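Counting starts at 1 for both ligands and their atoms, following the listed order. The figures here come from the full heavy-atom set of this structure, side chains too, leaving out hydrogens, waters and symmetry mates. For this chain, numbers begin at 1 and follow the sequence in order.
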Amino acid sequence: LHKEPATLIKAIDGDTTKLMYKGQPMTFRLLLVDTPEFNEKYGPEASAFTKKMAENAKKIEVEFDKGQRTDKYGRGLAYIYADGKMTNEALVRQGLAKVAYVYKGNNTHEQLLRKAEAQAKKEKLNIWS
Ligand SMILES: Cc1cn([C@H]2C[C@H](OP(=O)(O)O)[C@@H](COP(=O)(O)O)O2)c(=O)[nH]c1=O
Ligand SMILES: [Ca+2]
């Protein structure tokens with residue numbers, strides 16, 4: 001997989017963000033994770049976490065997987081990096097997302113994320129508390 005440039009347009013919630021990619025505004029949904037909706041428990045904490053991570057970054061990158069690049073809602077499907085740190089992974093490590101929506105052929109980082117989830121669960125963090 002390859003990292004490609006993007007810039008933050010606006011935070012949306014724990015697992016979606018609006019980025020400019022190839023010069024066009026796009027909503028990106030984070031591959032392989034599910035954060036609680038803002039209305040749910042830890043939803044606000046997930047939103048805050050992804051917003052902080054994206055806003056504080058000097059460099060955002062998007063990395064598409066091997067499969068579909070947009071979902072049925074027109075959202076881009078990617079792994080999103082903030083100064084080289086994967087947001088998808090960080091959310092899972094902090095107990096603010098669950099590994100989820102693992103579709104065949106867009107699942108390159110599945111096992112990296114499952115390892116983070118195991119750690120977060122061991123520490124009883126957030127969702128796992
Ligand atoms: C993460 C992801 C979600 N989706 C679709 C499946 C879900 O459909 P439904 O809307 O029919 O439930 C929805 C979940 O996204 P959200 O968790 O953002 O709601 O997005 C994909 O199709 N591919 C993906 O990789
Ligand atoms: Ca969600």
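Between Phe28 and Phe64, the angle of the ring planes lies from 30° to 60°, which puts this pair in the tilted group.
Under a 3.5 Å cut-off, the side chain of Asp71 and the backbone N or O of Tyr73 do form a donor-acceptor pair. A side-chain donor-acceptor contact under 3.5 Å links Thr35 to the backbone of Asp15. No donor-acceptor distance shorter than 3.5 angstrom exists from the side chain of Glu61 to the backbone of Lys3, with no hydrogens or angles considered. Side-chain N or O atoms of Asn107 include none that pairs as donor or acceptor with a backbone N or O of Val102 at under 3.5 Å.
The shortest non-hydrogen separation linking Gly95 to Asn126 is O-CB, 3.3 Å.
The presence of a protein heavy atom under 4.0 Å from atom 15 (O) of ligand 1 is confirmed.
The side-chain heavy atoms of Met53 and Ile80, taken from C-beta on, include no pair separated by under 4.5 Å. Residues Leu113 and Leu32 meet the side-chain proximity criterion, which asks for heavy atoms closer than 4.5 Å.
Taking the Ca ion (ligand 2) as reference, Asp34 places its N/O/S atom OD1 nearest.
Summary of contacts: the protein heavy atom closest to atom 19 (O) of ligand 1 is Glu37 OE2, 4.1 Å. Closest to atom 7 (C) of ligand 1, if we only count protein heavy atoms, is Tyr101 CE2, 3.8 Å. If you check which protein heavy atom lies closest to atom 17 (O) of ligand 1, you get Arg29 NH2, 2.8 Å. Distance from atom 6 (C) of ligand 1 to its nearest protein heavy atom, with residue and atom name: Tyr103 OH, 3.4 Å. From the protein, the heavy atom lying nearest to atom 5 (C) of ligand 1 is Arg75 NH2, 4.1 Å. Summary of contacts: the protein heavy atom closest to atom 25 (O) of ligand 1 is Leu77 CD2, 3.6 Å. Scanning all protein heavy atoms for the shortest distance to atom 22 (O) of ligand 1 gives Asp71 CB, 3.8 Å.
Each of the following atoms of ligand 1 lies closer than 4.0 Å to a heavy atom of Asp34: 17 (O). With ligand atoms numbered from 1 in the order given, ligand 1 contributes 8 (O), 9 (P), 11 (O) to contacts under 4.0 Å with heavy atoms of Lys72. Using a 4.0 Å cut-off to heavy atoms of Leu31, the atoms of ligand 1 that qualify are 25 (O).
Residue-level proximity to ligand 1 for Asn106 is absent, since no heavy atom of it falls below 4.0 angstrom. Contacts between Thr16 and ligand 1 below 4.0 angstrom, taking non-hydrogen atoms only, are absent altogether.
Among the atoms of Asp15, an N, O or S atom is found under 3.0 Å from the Ca ion (ligand 2).
The pair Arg93-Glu123 meets the salt-bridge criterion, with a side-chain N (NZ, NE, NH1 or NH2) lying under 4.0 Å from an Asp/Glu carboxylate O. The existence of a salt bridge linking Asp13 and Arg29 is excluded, since no basic side-chain nitrogen approaches an acidic carboxylate oxygen closer than 4.0 Å.
Some N or O of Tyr73 is nearer than 3.5 Å to an N or O of ligand 1, by distance alone.
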